[PDB]
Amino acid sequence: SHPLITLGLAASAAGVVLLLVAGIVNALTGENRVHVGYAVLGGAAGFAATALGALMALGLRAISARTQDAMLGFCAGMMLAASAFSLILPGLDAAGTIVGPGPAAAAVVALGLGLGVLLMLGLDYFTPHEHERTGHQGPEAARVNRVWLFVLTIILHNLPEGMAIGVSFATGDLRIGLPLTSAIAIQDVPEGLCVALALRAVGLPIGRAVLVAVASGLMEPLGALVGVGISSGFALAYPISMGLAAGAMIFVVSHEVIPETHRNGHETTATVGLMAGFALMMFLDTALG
């Protein structure tokens, strides 16, 4: 039944297109106007922090692969900690006030986690892009400009970070939105440096690589629109979407980032980066309040 694979392909494609487009459409309804406001501003702060990091690449231009793998692990560790403490744990509390505490509330967040993996896995199959380890991925990718493939890798990476900012603001609760957005925005400064350096390395002169890195940061306000929309349809959509954004980010770290550091032989340097970034975000979870 190749009809069945065509049916699943149609449902898969429409399901990811629908999530993104219906998220934006739902975000733009009148009931969400205040929440979208906070979420896009949070996203625009991440764009600004990305821009700042990218500007710092004009000085460095290129770095040892060992240093690059450390910095990628560092940003990755910050995002694992942001997923755990700024999305999963508040999602648990939010779920508990809707369905009751205990494992039933964890089931809300856990199902969202799985939905986030499925969304990113589907985008990973349908979006042509390229990694320096496994080469080009996605439909028709072998005959796509290689710089553009790497740009799309960066776009896929930052979609969940934008979505997380949107989800965290979906109820107007700055107690949730500010810690999450602070974590992503601080992480975006080293990340903008890594992105500009990686774009330079795939063939752009440093000045154009910096400008493309700055433009890539616009995925965070855009993804924040998606996050607002998917998290606001009904009361449970909010803790489910917390888990969804967390699972999408965890996929980016474990599927997109950490594998790039392992096959170069710098598993050990990436690991010290992961530990430091995770520890740092824990600290900032309590120092920033």
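We number the residues from 1 along the sequence you see.
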item: 222-230 versus 259-267 - which carries the larger mean C-alpha B factor in the record; value: 259-267
item: Higher-B stretch (mean Cα B-factor, as the entry records it), 193-201 or 128-136; value: 128-136
item: Highest recorded Cα temperature factor - choice among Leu41, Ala245, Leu60, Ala49; value: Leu60
item: Chain-relative CA temperature factor third for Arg143; value: highest
item: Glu161 - which third its CA temperature factor falls in, relative to the rest of the chain; value: lowest
item: CA B-factor placement of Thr29, once the chain's modelled residues are sorted into thirds; value: highest
item: Within-chain third of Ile250 by Cα B-factor, per the entry; value: lowest
item: Modelled-residue ranking by C-alpha temperature factor, third containing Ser86; value: lowest
